[PDB]
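Undergrad: Before anything else, here's the structure in question.
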Amino acid sequence: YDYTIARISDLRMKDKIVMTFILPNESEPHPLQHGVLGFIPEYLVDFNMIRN
Amino acid sequence: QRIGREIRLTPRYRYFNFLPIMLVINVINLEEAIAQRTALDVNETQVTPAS
């Protein structure tokens with residue numbers, strides 16, 4: 001069995017362990033990965049505005 | 001309080017007229033004459049006792 005260790009200092013995981021099955025060979029959506037993060041690249045806009 | 005790019009077009013023109021001469025013709029019942037048996041409006045000319 002093969003494992004990958006992850007860490008976050010975030011608080012709600014204080015002494016909390018979660019574990020599940022993931023696949024490290026596919027980058028594409030498939031019914032066999034725990035979750036997929038659909039990401040749209042994002043850009044900013046800068047302009048001058050009047051408000052009240 | 002919302003911003004959006006706009007294209008403004010404000011024309012300024014006026015039609016000036018000089019010549020005080022104009023000729024107009026009005027035609028009516030163009031439909032009917034083609035549609036109807038419009039024939040010679042012959043002028044029977046008053047040769048019998050009426051004159």
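FYI, nothing fancy with the structure tokens labels: chains A, B, ... in order, residues from 1 per chain, ligands from 1 as they appear.
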Taking only residues of chain B that have an atom at most 9 Å from an atom of chain A, what is each one's shortest atom pair and its distance in Å to one decimal, using only C-alpha atoms, in chain and number order, as JSON lines?
TA:
```
{"residue": "B:1", "atom": "CA", "partner": "A:51", "partner_atom": "CA", "distance": 6.2}
{"residue": "B:2", "atom": "CA", "partner": "A:49", "partner_atom": "CA", "distance": 8.8}
{"residue": "B:3", "atom": "CA", "partner": "A:49", "partner_atom": "CA", "distance": 7.9}
```
Undergrad: Within 12 Å of range 18-31 of chain A, counting only C-alpha atoms, which residues qualify if same-chain residues fewer than 5 places away don't, as number ranges by chain?
TA: A: 1-7, 12-13, 36-38
Undergrad: Mind the document's chain letters and residue numbers, and return as a PyMOL selection string the residues of chain B that DSSP labels alpha helix (DSSP H).
TA: chain B and resi 30-35
Undergrad: Hey, can you spit out that residue selection with C-alpha atoms as a compact mmCIF listing (two decimals), in the first residue's frame?
TA:
```
# COMPACT_ATOMS: atom_id res chain seq x y z
CA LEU B 30 -54.43 52.37 -60.45
CA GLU B 31 -55.54 49.02 -59.01
CA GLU B 32 -59.05 49.17 -60.42
CA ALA B 33 -58.30 50.18 -64.01
CA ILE B 34 -55.97 47.23 -64.48
CA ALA B 35 -58.43 45.04 -62.59
```
Undergrad: Could you work out how far CA of residue 43 in chain B lies from CA of residue 28 in chain B, giving the answer in Å with one decimal?
TA: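 The value is 22.5 Å.
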